[PDB]
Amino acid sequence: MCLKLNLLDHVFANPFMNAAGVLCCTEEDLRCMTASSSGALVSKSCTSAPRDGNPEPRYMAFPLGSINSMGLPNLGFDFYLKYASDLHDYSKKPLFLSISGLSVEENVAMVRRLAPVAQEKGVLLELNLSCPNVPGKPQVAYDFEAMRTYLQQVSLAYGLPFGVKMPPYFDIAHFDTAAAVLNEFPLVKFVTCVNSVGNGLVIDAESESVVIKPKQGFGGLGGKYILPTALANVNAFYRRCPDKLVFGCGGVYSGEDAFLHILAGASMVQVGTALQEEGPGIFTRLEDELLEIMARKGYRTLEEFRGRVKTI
């Protein structure tokens, strides 16, 4: 038994990949992810120009997960585009390129240049509408009219299939509205749920201090803290977007957590905090653990249980 699957006209050895931003900023990082046993990889969310990002310390991990305010430190779109066009070995695994412009115009500029490389190489766009860490830049997908504008303009400029990295929602009406906006756009072929639970605050009791420097300590949460939130979002969008794929992201540390994401509706399963903490060895463990659970339950394929979470 193997975990191989086909999605978006690509073949994947297994459903696992890094979450955008983790182990994917430099050429070294991307080569490392490519050498790993992951089924795919995604690059660091990029901007038109290189960015230093927010002041350090800007990432901290704890038993229950992580907090960060990276601020989109990245080598610039030119680099990630070059990686996709010239450097990536597509024989190894598919590549997603994440973009996170600070305006609709910036995203449009990037996708116009990405299009020919997508046409030639088959790199897949993940449009980030949920960066919660750039000062003065609210999460785009929390403003439904802004989200519609971004998707209209990107759809028109790109003209090719793409996906969207979504923030978590916490309100049924918001699931309804957000999914309806996404459903307006036939080029949106996948929906990645979720980005960090935004603007949490970790405080150290001994020092009586916040643990990250940017934004007075306020940063995106990932890891164990967010698994039920992530599962809810995966399932909410799976139910509401029956003609799209949902990629699960949030709180994956084990094959069991991945199994839950897939039960909720996930096609691919992304790994952030746990990968940052454990390193790329995690991918062999996740594959082994997922296969073990499947074997115990008598499941032979991912399709046998994807989206088959039971209700009472």
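Residue numbers run from 1 along the displayed sequence.
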Averaged over C-alpha atoms, is the B-factor higher for 208-216 or for 83-91 in this PDB entry?
83-91
Could you check the entry and say whether 144-152 or 165-173 has the higher mean CA B-factor?
144-152
Whose CA atom has the top B-factor in the entry, of 58, 261, 244, 44?
244
Select lowest, middle or highest to describe the third in which the CA B-factor of residue 19 falls within its chain in this entry.
lowest
Comparing against every modelled residue in the chain, figure out the third that the C-alpha B-factor of residue 68 lands in (lowest, middle or highest).
lowest
If you rank every modelled residue in this chain by C-alpha B factor, which third holds residue 119: lowest, middle or highest?
highest
Going by the CA temperature factor in the PDB record, which third of the chain does residue 273 belong to: lowest, middle or highest?
lowest
For residue 238, does the deposited CA B-factor place it in the lowest, middle or highest third of the chain?
middle
